[PDB]
file query.cif (mmCIF, C-alpha atoms and all ligand atoms)
data_query
loop_
_atom_site.group_PDB
_atom_site.id
_atom_site.type_symbol
_atom_site.label_atom_id
_atom_site.label_comp_id
_atom_site.auth_asym_id
_atom_site.auth_seq_id
_atom_site.Cartn_x
_atom_site.Cartn_y
_atom_site.Cartn_z
ATOM 1 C CA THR A 1050 12.354 31.910 -5.138
ATOM 2 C CA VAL A 1051 12.936 30.686 -8.723
ATOM 3 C CA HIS A 1052 10.433 31.832 -11.354
ATOM 4 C CA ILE A 1053 8.949 29.188 -13.642
ATOM 5 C CA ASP A 1054 7.057 29.858 -16.867
ATOM 6 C CA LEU A 1055 4.963 26.750 -17.589
ATOM 7 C CA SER A 1056 4.483 27.812 -21.238
ATOM 8 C CA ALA A 1057 8.043 26.473 -21.750
ATOM 9 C CA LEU A 1058 6.520 22.950 -21.603
ATOM 10 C CA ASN A 1059 6.432 20.690 -24.683
ATOM 11 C CA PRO A 1060 2.998 21.139 -26.377
ATOM 12 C CA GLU A 1061 2.771 17.365 -27.098
ATOM 13 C CA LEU A 1062 3.135 16.432 -23.405
ATOM 14 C CA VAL A 1063 0.740 19.215 -22.323
ATOM 15 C CA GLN A 1064 -1.820 17.809 -24.797
ATOM 16 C CA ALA A 1065 -1.150 14.233 -23.565
ATOM 17 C CA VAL A 1066 -1.728 15.156 -19.898
ATOM 18 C CA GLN A 1067 -5.024 17.034 -20.466
ATOM 19 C CA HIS A 1068 -7.220 14.061 -19.458
ATOM 20 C CA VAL A 1069 -5.339 13.940 -16.132
ATOM 21 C CA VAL A 1070 -5.661 17.710 -15.545
ATOM 22 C CA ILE A 1071 -8.462 18.993 -13.299
ATOM 23 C CA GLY A 1072 -9.909 22.411 -14.163
ATOM 24 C CA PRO A 1073 -9.467 25.181 -11.519
ATOM 25 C CA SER A 1074 -13.271 25.548 -11.341
ATOM 26 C CA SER A 1075 -13.811 21.773 -10.975
ATOM 27 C CA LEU A 1076 -12.025 21.400 -7.616
ATOM 28 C CA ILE A 1077 -12.705 23.312 -4.381
ATOM 29 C CA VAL A 1078 -9.676 22.664 -2.146
ATOM 30 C CA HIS A 1079 -10.558 23.095 1.536
ATOM 31 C CA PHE A 1080 -7.202 24.511 2.737
ATOM 32 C CA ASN A 1081 -9.034 25.107 6.037
ATOM 33 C CA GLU A 1082 -9.651 21.362 6.501
ATOM 34 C CA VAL A 1083 -6.256 19.666 6.862
ATOM 35 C CA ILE A 1084 -5.817 15.877 6.750
ATOM 36 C CA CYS A 1091 0.657 17.935 3.290
ATOM 37 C CA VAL A 1092 -2.901 16.737 2.530
ATOM 38 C CA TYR A 1093 -6.228 18.629 2.534
ATOM 39 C CA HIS A 1094 -9.879 17.715 2.064
ATOM 40 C CA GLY A 1095 -11.172 18.614 -1.406
ATOM 41 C CA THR A 1096 -14.351 18.595 -3.487
ATOM 42 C CA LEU A 1097 -14.596 17.448 -7.103
ATOM 43 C CA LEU A 1098 -17.472 17.826 -9.587
ATOM 44 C CA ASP A 1099 -18.743 15.108 -11.962
ATOM 45 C CA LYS A 1103 -21.861 15.325 -8.776
ATOM 46 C CA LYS A 1104 -19.983 16.284 -5.576
ATOM 47 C CA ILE A 1105 -17.008 13.974 -4.907
ATOM 48 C CA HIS A 1106 -14.994 13.999 -1.672
ATOM 49 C CA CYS A 1107 -11.243 13.805 -2.345
ATOM 50 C CA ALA A 1108 -7.788 13.995 -0.761
ATOM 51 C CA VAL A 1109 -5.646 16.758 -2.203
ATOM 52 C CA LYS A 1110 -1.918 16.298 -1.700
ATOM 53 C CA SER A 1111 -0.100 19.631 -1.986
ATOM 54 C CA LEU A 1112 3.455 18.975 -3.177
ATOM 55 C CA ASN A 1113 6.453 21.296 -2.911
ATOM 56 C CA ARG A 1114 6.754 23.897 -5.704
ATOM 57 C CA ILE A 1115 8.482 22.526 -8.843
ATOM 58 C CA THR A 1116 10.659 25.121 -10.603
ATOM 59 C CA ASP A 1117 12.456 22.940 -13.184
ATOM 60 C CA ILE A 1118 10.700 22.274 -16.532
ATOM 61 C CA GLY A 1119 12.243 18.773 -16.770
ATOM 62 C CA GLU A 1120 10.934 17.912 -13.300
ATOM 63 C CA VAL A 1121 7.529 19.339 -14.256
ATOM 64 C CA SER A 1122 7.761 17.087 -17.327
ATOM 65 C CA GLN A 1123 8.464 13.973 -15.221
ATOM 66 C CA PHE A 1124 5.555 14.918 -12.905
ATOM 67 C CA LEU A 1125 3.157 15.087 -15.875
ATOM 68 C CA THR A 1126 4.525 11.800 -17.298
ATOM 69 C CA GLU A 1127 4.105 9.942 -13.963
ATOM 70 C CA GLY A 1128 0.555 11.342 -13.827
ATOM 71 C CA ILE A 1129 -0.234 9.866 -17.258
ATOM 72 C CA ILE A 1130 1.101 6.385 -16.401
ATOM 73 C CA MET A 1131 -0.564 6.338 -12.944
ATOM 74 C CA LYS A 1132 -3.891 7.466 -14.471
ATOM 75 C CA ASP A 1133 -4.076 4.072 -16.251
ATOM 76 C CA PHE A 1134 -3.391 2.037 -13.048
ATOM 77 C CA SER A 1135 -7.139 1.391 -12.625
ATOM 78 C CA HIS A 1136 -8.308 -1.441 -10.314
ATOM 79 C CA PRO A 1137 -10.754 -1.724 -7.346
ATOM 80 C CA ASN A 1138 -7.884 -2.591 -4.926
ATOM 81 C CA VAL A 1139 -5.375 0.065 -6.070
ATOM 82 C CA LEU A 1140 -5.587 3.772 -5.150
ATOM 83 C CA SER A 1141 -6.623 5.729 -8.245
ATOM 84 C CA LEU A 1142 -5.311 9.071 -9.434
ATOM 85 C CA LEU A 1143 -8.373 11.318 -9.853
ATOM 86 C CA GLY A 1144 -6.131 13.931 -11.500
ATOM 87 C CA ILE A 1145 -3.495 16.647 -11.077
ATOM 88 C CA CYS A 1146 -3.334 20.439 -10.892
ATOM 89 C CA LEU A 1147 -0.292 22.539 -11.656
ATOM 90 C CA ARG A 1148 -0.856 26.095 -10.430
ATOM 91 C CA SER A 1149 0.968 29.232 -11.571
ATOM 92 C CA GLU A 1150 4.669 29.152 -10.557
ATOM 93 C CA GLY A 1151 4.774 25.322 -10.516
ATOM 94 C CA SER A 1152 2.709 24.554 -7.399
ATOM 95 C CA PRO A 1153 1.380 20.982 -7.864
ATOM 96 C CA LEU A 1154 -1.768 19.342 -6.490
ATOM 97 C CA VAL A 1155 -2.317 15.578 -6.578
ATOM 98 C CA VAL A 1156 -5.991 14.602 -6.354
ATOM 99 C CA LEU A 1157 -6.743 11.201 -4.815
ATOM 100 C CA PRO A 1158 -10.043 9.661 -3.670
ATOM 101 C CA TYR A 1159 -10.874 10.333 -0.029
ATOM 102 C CA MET A 1160 -10.207 7.250 2.106
ATOM 103 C CA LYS A 1161 -12.757 7.399 4.933
ATOM 104 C CA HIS A 1162 -11.195 4.755 7.146
ATOM 105 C CA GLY A 1163 -7.566 5.847 6.678
ATOM 106 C CA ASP A 1164 -4.610 3.456 6.489
ATOM 107 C CA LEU A 1165 -5.089 -0.255 7.078
ATOM 108 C CA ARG A 1166 -2.560 -0.457 9.956
ATOM 109 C CA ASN A 1167 -4.336 2.115 12.136
ATOM 110 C CA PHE A 1168 -7.682 0.552 11.242
ATOM 111 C CA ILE A 1169 -6.859 -2.946 12.561
ATOM 112 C CA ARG A 1170 -4.967 -1.530 15.603
ATOM 113 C CA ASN A 1171 -8.046 0.425 16.781
ATOM 114 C CA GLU A 1172 -9.380 -1.319 19.907
ATOM 115 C CA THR A 1173 -12.917 -0.126 19.148
ATOM 116 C CA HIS A 1174 -12.949 -2.168 15.919
ATOM 117 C CA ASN A 1175 -13.857 -5.873 16.328
ATOM 118 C CA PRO A 1176 -12.369 -7.789 13.340
ATOM 119 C CA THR A 1177 -12.928 -11.477 12.807
ATOM 120 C CA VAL A 1178 -10.402 -13.892 11.315
ATOM 121 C CA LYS A 1179 -12.581 -13.746 8.198
ATOM 122 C CA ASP A 1180 -12.427 -9.888 8.048
ATOM 123 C CA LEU A 1181 -8.646 -9.829 8.380
ATOM 124 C CA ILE A 1182 -8.063 -12.553 5.750
ATOM 125 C CA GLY A 1183 -10.528 -10.649 3.499
ATOM 126 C CA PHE A 1184 -8.354 -7.531 3.847
ATOM 127 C CA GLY A 1185 -5.283 -9.650 2.879
ATOM 128 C CA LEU A 1186 -7.148 -11.025 -0.138
ATOM 129 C CA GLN A 1187 -8.012 -7.520 -1.341
ATOM 130 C CA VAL A 1188 -4.313 -6.512 -1.056
ATOM 131 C CA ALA A 1189 -3.311 -9.631 -3.045
ATOM 132 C CA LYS A 1190 -5.778 -8.638 -5.799
ATOM 133 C CA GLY A 1191 -4.342 -5.103 -5.839
ATOM 134 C CA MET A 1192 -0.837 -6.549 -6.107
ATOM 135 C CA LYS A 1193 -1.819 -9.105 -8.811
ATOM 136 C CA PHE A 1194 -2.937 -6.079 -10.832
ATOM 137 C CA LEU A 1195 0.258 -4.082 -10.160
ATOM 138 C CA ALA A 1196 2.487 -7.077 -11.031
ATOM 139 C CA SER A 1197 0.567 -7.524 -14.333
ATOM 140 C CA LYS A 1198 1.646 -3.929 -15.140
ATOM 141 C CA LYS A 1199 5.269 -4.936 -14.313
ATOM 142 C CA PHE A 1200 5.116 -2.440 -11.454
ATOM 143 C CA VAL A 1201 7.278 -3.236 -8.441
ATOM 144 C CA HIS A 1202 5.869 -1.537 -5.359
ATOM 145 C CA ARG A 1203 8.986 -1.677 -3.090
ATOM 146 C CA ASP A 1204 7.147 -0.500 0.066
ATOM 147 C CA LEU A 1205 4.139 -2.757 0.548
ATOM 148 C CA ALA A 1206 3.025 -2.629 4.225
ATOM 149 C CA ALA A 1207 -0.268 -2.374 6.140
ATOM 150 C CA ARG A 1208 0.516 1.352 6.757
ATOM 151 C CA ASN A 1209 0.659 1.870 2.973
ATOM 152 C CA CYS A 1210 -2.796 0.467 2.193
ATOM 153 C CA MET A 1211 -5.983 2.489 2.729
ATOM 154 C CA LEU A 1212 -9.687 1.779 3.367
ATOM 155 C CA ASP A 1213 -12.664 3.565 1.795
ATOM 156 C CA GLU A 1214 -16.250 3.895 3.150
ATOM 157 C CA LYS A 1215 -17.175 0.472 1.707
ATOM 158 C CA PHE A 1216 -14.218 -1.127 3.527
ATOM 159 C CA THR A 1217 -12.508 -1.633 0.181
ATOM 160 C CA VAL A 1218 -8.747 -1.927 0.631
ATOM 161 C CA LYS A 1219 -6.635 0.116 -1.792
ATOM 162 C CA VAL A 1220 -2.906 -0.505 -2.246
ATOM 163 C CA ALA A 1221 -1.521 3.030 -2.035
ATOM 164 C CA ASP A 1222 1.794 4.887 -1.453
ATOM 165 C CA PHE A 1223 2.981 4.476 -5.067
ATOM 166 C CA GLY A 1224 3.348 6.803 -8.088
ATOM 167 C CA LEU A 1225 2.238 10.356 -7.307
ATOM 168 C CA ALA A 1226 0.747 9.128 -4.007
ATOM 169 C CA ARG A 1227 4.240 8.052 -2.836
ATOM 170 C CA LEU A 1245 14.547 1.655 4.117
ATOM 171 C CA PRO A 1246 11.648 -0.548 5.298
ATOM 172 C CA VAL A 1247 14.042 -3.368 6.179
ATOM 173 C CA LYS A 1248 11.603 -5.475 8.247
ATOM 174 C CA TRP A 1249 9.362 -5.828 5.142
ATOM 175 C CA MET A 1250 12.269 -6.541 2.781
ATOM 176 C CA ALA A 1251 13.251 -9.833 1.200
ATOM 177 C CA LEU A 1252 16.675 -11.312 2.024
ATOM 178 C CA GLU A 1253 18.017 -10.706 -1.513
ATOM 179 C CA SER A 1254 16.845 -7.040 -1.417
ATOM 180 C CA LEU A 1255 18.608 -6.460 1.946
ATOM 181 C CA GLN A 1256 21.797 -7.835 0.348
ATOM 182 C CA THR A 1257 21.631 -6.314 -3.179
ATOM 183 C CA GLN A 1258 19.222 -3.343 -2.869
ATOM 184 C CA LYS A 1259 17.316 -4.699 -5.876
ATOM 185 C CA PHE A 1260 13.514 -5.069 -5.789
ATOM 186 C CA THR A 1261 11.282 -7.379 -7.819
ATOM 187 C CA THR A 1262 7.712 -8.642 -7.833
ATOM 188 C CA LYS A 1263 9.089 -11.621 -5.831
ATOM 189 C CA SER A 1264 10.413 -9.211 -3.191
ATOM 190 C CA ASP A 1265 6.922 -7.596 -3.100
ATOM 191 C CA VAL A 1266 5.620 -11.139 -2.328
ATOM 192 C CA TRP A 1267 7.999 -11.264 0.698
ATOM 193 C CA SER A 1268 6.575 -7.914 1.885
ATOM 194 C CA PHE A 1269 3.056 -9.229 1.324
ATOM 195 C CA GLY A 1270 3.887 -12.156 3.665
ATOM 196 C CA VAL A 1271 4.857 -9.594 6.357
ATOM 197 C CA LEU A 1272 1.664 -7.621 5.618
ATOM 198 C CA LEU A 1273 -0.392 -10.798 6.246
ATOM 199 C CA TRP A 1274 1.433 -11.175 9.602
ATOM 200 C CA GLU A 1275 0.528 -7.520 10.398
ATOM 201 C CA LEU A 1276 -3.115 -8.288 9.595
ATOM 202 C CA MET A 1277 -3.390 -11.398 11.815
ATOM 203 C CA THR A 1278 -1.640 -9.617 14.722
ATOM 204 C CA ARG A 1279 -3.923 -6.563 14.287
ATOM 205 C CA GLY A 1280 -1.024 -4.207 13.482
ATOM 206 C CA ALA A 1281 1.829 -5.452 15.673
ATOM 207 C CA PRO A 1282 5.344 -4.288 14.673
ATOM 208 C CA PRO A 1283 7.228 -7.217 13.052
ATOM 209 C CA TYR A 1284 10.330 -8.498 14.927
ATOM 210 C CA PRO A 1285 9.715 -6.287 18.050
ATOM 211 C CA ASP A 1286 12.944 -7.054 19.968
ATOM 212 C CA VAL A 1287 15.021 -6.924 16.760
ATOM 213 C CA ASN A 1288 17.377 -4.102 15.797
ATOM 214 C CA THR A 1289 16.512 -2.604 12.375
ATOM 215 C CA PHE A 1290 20.220 -2.700 11.356
ATOM 216 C CA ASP A 1291 20.435 -6.357 12.438
ATOM 217 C CA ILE A 1292 17.686 -7.991 10.271
ATOM 218 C CA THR A 1293 19.827 -9.786 7.677
ATOM 219 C CA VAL A 1294 21.899 -11.527 10.379
ATOM 220 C CA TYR A 1295 18.725 -12.403 12.324
ATOM 221 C CA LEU A 1296 17.044 -13.940 9.242
ATOM 222 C CA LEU A 1297 20.242 -15.775 8.232
ATOM 223 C CA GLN A 1298 20.275 -17.569 11.599
ATOM 224 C CA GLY A 1299 17.288 -19.440 10.139
ATOM 225 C CA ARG A 1300 14.392 -17.399 11.514
ATOM 226 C CA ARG A 1301 10.987 -16.132 10.404
ATOM 227 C CA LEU A 1302 8.127 -14.269 12.080
ATOM 228 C CA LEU A 1303 6.234 -16.550 14.463
ATOM 229 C CA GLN A 1304 2.694 -17.746 13.703
ATOM 230 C CA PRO A 1305 0.159 -15.243 15.196
ATOM 231 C CA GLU A 1306 -2.255 -16.702 17.757
ATOM 232 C CA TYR A 1307 -5.265 -16.131 15.457
ATOM 233 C CA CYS A 1308 -3.553 -17.039 12.155
ATOM 234 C CA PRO A 1309 -4.988 -20.279 10.623
ATOM 235 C CA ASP A 1310 -2.346 -22.920 9.846
ATOM 236 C CA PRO A 1311 -2.839 -22.773 6.018
ATOM 237 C CA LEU A 1312 -2.418 -18.985 6.100
ATOM 238 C CA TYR A 1313 0.858 -19.333 8.081
ATOM 239 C CA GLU A 1314 1.969 -21.896 5.477
ATOM 240 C CA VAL A 1315 1.219 -19.251 2.814
ATOM 241 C CA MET A 1316 3.350 -16.730 4.758
ATOM 242 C CA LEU A 1317 6.257 -19.220 4.863
ATOM 243 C CA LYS A 1318 5.966 -19.639 1.057
ATOM 244 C CA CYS A 1319 6.072 -15.825 0.675
ATOM 245 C CA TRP A 1320 9.378 -15.866 2.589
ATOM 246 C CA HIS A 1321 10.996 -18.715 0.580
ATOM 247 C CA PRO A 1322 14.789 -18.156 0.505
ATOM 248 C CA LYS A 1323 14.637 -18.719 -3.292
ATOM 249 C CA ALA A 1324 12.803 -15.742 -4.848
ATOM 250 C CA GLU A 1325 11.691 -17.779 -7.899
ATOM 251 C CA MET A 1326 10.054 -20.398 -5.648
ATOM 252 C CA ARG A 1327 7.737 -17.846 -3.964
ATOM 253 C CA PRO A 1328 4.113 -17.860 -5.140
ATOM 254 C CA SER A 1329 2.915 -15.284 -7.695
ATOM 255 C CA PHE A 1330 0.215 -12.832 -6.628
ATOM 256 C CA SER A 1331 -2.175 -14.731 -8.903
ATOM 257 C CA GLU A 1332 -1.479 -17.928 -6.875
ATOM 258 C CA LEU A 1333 -1.829 -15.943 -3.621
ATOM 259 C CA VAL A 1334 -5.264 -14.628 -4.694
ATOM 260 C CA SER A 1335 -6.349 -18.231 -5.474
ATOM 261 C CA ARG A 1336 -4.980 -19.763 -2.212
ATOM 262 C CA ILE A 1337 -6.242 -16.955 0.028
ATOM 263 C CA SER A 1338 -9.706 -16.915 -1.627
ATOM 264 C CA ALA A 1339 -9.997 -20.634 -0.654
ATOM 265 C CA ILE A 1340 -8.891 -20.091 2.975
ATOM 266 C CA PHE A 1341 -11.179 -17.006 3.239
ATOM 267 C CA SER A 1342 -14.166 -19.051 1.989
ATOM 268 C CA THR A 1343 -13.920 -21.519 4.944
ATOM 269 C CA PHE A 1344 -14.702 -18.868 7.568
ATOM 270 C CA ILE A 1345 -18.137 -17.523 8.535
ATOM 271 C CA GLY A 1346 -17.097 -14.525 10.652
ATOM 272 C CA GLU A 1347 -17.405 -16.169 14.095
ATOM 273 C CA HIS A 1348 -13.771 -16.031 15.336
ATOM 274 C CA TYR A 1349 -12.955 -12.671 16.878
ATOM 275 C CA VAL A 1350 -9.325 -11.532 16.828
ATOM 276 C CA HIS A 1351 -7.957 -10.176 20.075
ATOM 277 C CA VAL A 1352 -4.681 -8.376 20.737
ATOM 278 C CA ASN A 1353 -1.482 -10.121 21.877
ATOM 279 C CA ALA A 1354 -0.599 -9.025 25.430
ATOM 280 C CA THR A 1355 3.124 -8.858 24.446
ATOM 281 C CA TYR A 1356 2.502 -6.735 21.302
HETATM 282 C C1 LIG A 1401 -0.665 6.693 8.700
HETATM 283 N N1 LIG A 1401 -1.065 7.081 7.363
HETATM 284 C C2 LIG A 1401 -0.656 6.532 6.178
HETATM 285 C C3 LIG A 1401 -1.300 7.226 5.166
HETATM 286 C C4 LIG A 1401 -1.219 7.064 3.718
HETATM 287 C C5 LIG A 1401 -0.751 5.735 3.213
HETATM 288 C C6 LIG A 1401 -0.656 5.568 1.884
HETATM 289 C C7 LIG A 1401 -0.983 6.641 1.024
HETATM 290 N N2 LIG A 1401 -0.944 6.764 -0.288
HETATM 291 N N3 LIG A 1401 -1.404 8.029 -0.590
HETATM 292 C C8 LIG A 1401 -1.678 8.655 0.544
HETATM 293 S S1 LIG A 1401 -2.215 10.309 0.695
HETATM 294 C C9 LIG A 1401 -3.917 10.169 1.196
HETATM 295 C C10 LIG A 1401 -4.902 9.755 0.280
HETATM 296 C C11 LIG A 1401 -6.246 9.658 0.690
HETATM 297 C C12 LIG A 1401 -6.618 9.977 2.000
HETATM 298 N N4 LIG A 1401 -7.915 9.889 2.374
HETATM 299 C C13 LIG A 1401 -8.254 10.190 3.652
HETATM 300 C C14 LIG A 1401 -7.351 10.603 4.609
HETATM 301 C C15 LIG A 1401 -6.012 10.710 4.230
HETATM 302 C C16 LIG A 1401 -5.614 10.400 2.915
HETATM 303 C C17 LIG A 1401 -4.267 10.502 2.508
HETATM 304 N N5 LIG A 1401 -1.427 7.825 1.614
HETATM 305 N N6 LIG A 1401 -1.538 8.087 2.969
HETATM 306 C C18 LIG A 1401 -2.071 8.183 5.879
HETATM 307 N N7 LIG A 1401 -1.929 8.093 7.202
HETATM 308 CL CL CL A 1402 -14.068 -15.881 11.411
#
call {"tool": "encode", "arguments": {"input": "query.cif", "output": "structure tokens"}}
result
Amino acid sequence: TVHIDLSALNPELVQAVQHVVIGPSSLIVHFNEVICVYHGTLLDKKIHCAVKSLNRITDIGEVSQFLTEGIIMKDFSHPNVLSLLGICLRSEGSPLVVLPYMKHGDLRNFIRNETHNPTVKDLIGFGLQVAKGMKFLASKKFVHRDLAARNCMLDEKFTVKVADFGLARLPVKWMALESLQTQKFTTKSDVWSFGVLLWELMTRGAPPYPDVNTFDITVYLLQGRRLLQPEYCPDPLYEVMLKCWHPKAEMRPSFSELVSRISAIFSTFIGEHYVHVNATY
């Protein structure tokens, strides 16, 4: 029930965030059409968008951090990274985050869907797109911390966008050994998660370590274990996954190396090997 006067904001920051701000007459939010996220329309040209309605922000410092995140995220521009279209801050501190509409939803549900018929080539292609997204994010010194198939999205062109970061924001079965032990995250721990994401792809969305207790992952891994090679995962791609899970963080490949290696493996396929679901998954 706290009142907030937005005019108490620093005029320099308000000026700095203007290119991120969407005018009230530029966006028609379809509160009737619910995806808390709603369908929206943006003008440029009618543009379909996803409008994430955040909880009301009643602290000027929090409003300030919201506007600052918006500015930084606005410059995270890449074909395989979810873009911020802009932000709205309504009267009384009610925020809207405007993101591009993702027609085919999250990548995990997409590959799981038994009516979709992915090939080995399709699935590796998805992995490659994610690696390109991550190569970009790493170049910006941005550590994702929650990379997973569920956290990537697909548009109408089947372009994969790394999402669930910034204003679009423990996953222990995607976490590197050193992160489980120290609670610190790096680009090299994102590479570990990317390895698990590749496993998710080649299994068409199977949960990693099915019979394994969430609380018991460090002890499991320390017995000398890794995720098994999926039935439809090519040997060189499984070798890549094993490199992503190297016990020495510094010995794991960079995302730039992953893009290179995966592009090569991808190139050898012609879209003739269909990927079917594991009976046990
Ligand atoms: C199961 N699931 C995971 C997600 C998801 C993932 C990452 C992520 N990063 N930002 C968002 S919000 C968003 C953004 C665009 C959308 N486009 C279409 C439908 C839903 C949409 C939701 N997400 N949403 C949605 N369902
Ligand atoms: Cl294929």
call {"tool": "closest_residue", "arguments": {"input": "query.cif", "among": "A:1188, A:1303, A:1178, A:1226", "to": "ligand CL 1402 (chain A)", "atoms": "only C-alpha atoms and all ligand atoms"}}
result
A:1178
call {"tool": "resolve_selection", "arguments": {"input": "query.cif", "expression": "the PyMOL selection byres (((chain A and resi 1096-1108) around 12) and not hetatm)", "output": "number ranges by chain"}}
result
A: 1071-1080, 1082-1084, 1091-1095, 1109-1111, 1140-1145, 1154-1161, 1163, 1213-1214, 1226
call {"tool": "resolve_selection", "arguments": {"input": "query.cif", "expression": "the PyMOL selection byres (((chain A and resi 1211) around 10) and not hetatm)", "output": "JSON, numbers by chain"}}
result
{"A": [1138, 1139, 1140, 1159, 1160, 1161, 1162, 1163, 1164, 1165, 1166, 1167, 1168, 1188, 1207, 1208, 1209, 1210, 1212, 1213, 1216, 1217, 1218, 1219, 1220, 1221, 1222]}
call {"tool": "resolve_selection", "arguments": {"input": "query.cif", "expression": "the PyMOL selection byres (((not hetatm)) within 6 of (chain A and resi 1402))", "output": "PDB file with C-alpha atoms, in the frame of the given file"}}
result
ATOM      1  CA  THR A1177     -12.928 -11.477  12.807  1.00  0.00           C
ATOM      2  CA  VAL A1178     -10.402 -13.892  11.315  1.00  0.00           C
ATOM      3  CA  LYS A1179     -12.581 -13.746   8.198  1.00  0.00           C
ATOM      4  CA  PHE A1344     -14.702 -18.868   7.568  1.00  0.00           C
ATOM      5  CA  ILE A1345     -18.137 -17.523   8.535  1.00  0.00           C
ATOM      6  CA  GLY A1346     -17.097 -14.525  10.652  1.00  0.00           C
ATOM      7  CA  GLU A1347     -17.405 -16.169  14.095  1.00  0.00           C
ATOM      8  CA  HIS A1348     -13.771 -16.031  15.336  1.00  0.00           C
TER       9      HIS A1348
END
call {"tool": "residues_near_point", "arguments": {"input": "query.cif", "point": "(14.4, -11.9, -0.5)", "cutoff": "10 Å", "atoms": "only C-alpha atoms", "output": "ChimeraX atom specification"}}
result
/A:1249-1257,1259-1261,1263-1268,1319-1325,1327
call {"tool": "axis_aligned_box", "arguments": {"input": "query.cif", "around": "stretch 1339-1345 of chain A", "padding_each_side": "3 Å", "output": "AutoDock Vina command-line options"}}
result
--center_x -13.5 --center_y -19.3 --center_z 3.9 --size_x 15.2 --size_y 10.5 --size_z 15.2
call {"tool": "residues_around", "arguments": {"input": "query.cif", "residues": "residue A:1317", "least_positions_apart": "3", "cutoff": "9 Å", "atoms": "all atoms listed in the file", "output": "list in words"}}
result
residues 1270, 1301, 1302, 1312, 1313, 1314, 1320 and 1321 of chain A
call {"tool": "atom_distance", "arguments": {"input": "query.cif", "atom1": "atom CA of residue A:1199", "atom2": "atom CA of residue A:1128"}}
result
17.0 Å
call {"tool": "atom_distance", "arguments": {"input": "query.cif", "atom1": "atom CA of residue A:1289", "atom2": "atom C17 of ligand LIG 1401 (chain A)"}}
result
26.5 Å
call {"tool": "residues_around", "arguments": {"input": "query.cif", "residues": "residue A:1126", "least_positions_apart": "5", "cutoff": "12 Å", "atoms": "all atoms listed in the file", "output": "PDB file with C-alpha atoms, keeping the file's coordinate frame"}}
result
ATOM      1  CA  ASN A1059       6.432  20.690 -24.683  1.00  0.00           C
ATOM      2  CA  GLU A1061       2.771  17.365 -27.098  1.00  0.00           C
ATOM      3  CA  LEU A1062       3.135  16.432 -23.405  1.00  0.00           C
ATOM      4  CA  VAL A1063       0.740  19.215 -22.323  1.00  0.00           C
ATOM      5  CA  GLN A1064      -1.820  17.809 -24.797  1.00  0.00           C
ATOM      6  CA  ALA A1065      -1.150  14.233 -23.565  1.00  0.00           C
ATOM      7  CA  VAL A1066      -1.728  15.156 -19.898  1.00  0.00           C
ATOM      8  CA  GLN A1067      -5.024  17.034 -20.466  1.00  0.00           C
ATOM      9  CA  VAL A1069      -5.339  13.940 -16.132  1.00  0.00           C
ATOM     10  CA  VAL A1070      -5.661  17.710 -15.545  1.00  0.00           C
ATOM     11  CA  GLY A1119      12.243  18.773 -16.770  1.00  0.00           C
ATOM     12  CA  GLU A1120      10.934  17.912 -13.300  1.00  0.00           C
ATOM     13  CA  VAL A1121       7.529  19.339 -14.256  1.00  0.00           C
ATOM     14  CA  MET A1131      -0.564   6.338 -12.944  1.00  0.00           C
ATOM     15  CA  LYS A1132      -3.891   7.466 -14.471  1.00  0.00           C
ATOM     16  CA  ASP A1133      -4.076   4.072 -16.251  1.00  0.00           C
ATOM     17  CA  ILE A1145      -3.495  16.647 -11.077  1.00  0.00           C
ATOM     18  CA  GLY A1224       3.348   6.803  -8.088  1.00  0.00           C
ATOM     19  CA  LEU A1225       2.238  10.356  -7.307  1.00  0.00           C
TER      20      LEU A1225
END
call {"tool": "closest_residue", "arguments": {"input": "query.cif", "among": "A:1206, A:1051, A:1130, A:1182", "to": "ligand LIG 1401 (chain A)", "atoms": "all atoms listed in the file"}}
result
A:1206
call {"tool": "atom_distance", "arguments": {"input": "query.cif", "atom1": "atom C7 of ligand LIG 1401 (chain A)", "atom2": "atom CA of residue A:1203"}}
result
13.6 Å
call {"tool": "closest_residue", "arguments": {"input": "query.cif", "among": "A:1340, A:1297, A:1196, A:1205", "to": "ligand LIG 1401 (chain A)", "atoms": "only C-alpha atoms and all ligand atoms"}}
result
A:1205
call {"tool": "closest_residue", "arguments": {"input": "query.cif", "among": "A:1050, A:1342, A:1304, A:1278", "to": "residue A:1176", "atoms": "all atoms listed in the file"}}
result
A:1278
call {"tool": "closest_residue", "arguments": {"input": "query.cif", "among": "A:1053, A:1195, A:1306, A:1286", "to": "residue A:1354", "atoms": "all atoms listed in the file"}}
result
A:1306
call {"tool": "closest_residue", "arguments": {"input": "query.cif", "among": "A:1204, A:1054, A:1172, A:1180", "to": "ligand LIG 1401 (chain A)", "atoms": "all atoms listed in the file"}}
result
A:1204
call {"tool": "residues_near_point", "arguments": {"input": "query.cif", "point": "(-4.7, -14.6, 1.8)", "cutoff": "10 Å", "atoms": "only C-alpha atoms", "output": "ChimeraX atom specification"}}
result
/A:1181-1190,1269-1270,1273,1311-1313,1315-1316,1330,1332-1341
